[PDB]
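One chain is shown next in structure tokens, namely the form deposited in one PDB entry.
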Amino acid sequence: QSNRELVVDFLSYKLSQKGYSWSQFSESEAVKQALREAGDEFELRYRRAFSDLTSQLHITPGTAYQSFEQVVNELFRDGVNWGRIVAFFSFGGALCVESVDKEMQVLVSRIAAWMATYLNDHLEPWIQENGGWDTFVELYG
């Protein structure tokens, strides 16, 4: 629930950084801010990798979900940590941005939905078992 709002917040931020508006495609504030900031740091320290993140996926509305699912399953196959979670959001951001660049606007809301569902079913259990998001804020804020 607030997981959905987390996802929309980060994606808005990343979209806004490239001149796009979320609106065109559709405490807890300490968690958002920290995530925004971690994602920025991620994208900065690995700017090269990130300049061409999703190019080689050849995203289409038909293949989108399967590309997304394959990447996220591999990313977490052998475990979760906070940095991998950050990679996850940053990945989602790159994916949205590319969609719009490529004029596949429809994908943005879907991607948001996929991340929200993945977060709820696959990550939140680890998150609770590991302190909740308030821990994230402590370590990465």
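Throughout, rigid core stands for the largest set of C-alpha atoms superposing within 1.5 Å between the two forms. Numbers follow the displayed sequence, beginning with 1.
Keep in mind that the form deposited in another entry is not shown, yet the notes after this line are about it.
Put the two forms on the same core and the Cα of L57 is off by 2 Å or more between the shown form and the other one. In summary, the C-alpha positions of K14 and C96 diverge in that other deposited form, ending up at least 3 angstroms farther from each other than in this conformation. Distance between the C-alpha atoms of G79 and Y13: longer in that other deposited form than here (change of 3 Å or more).
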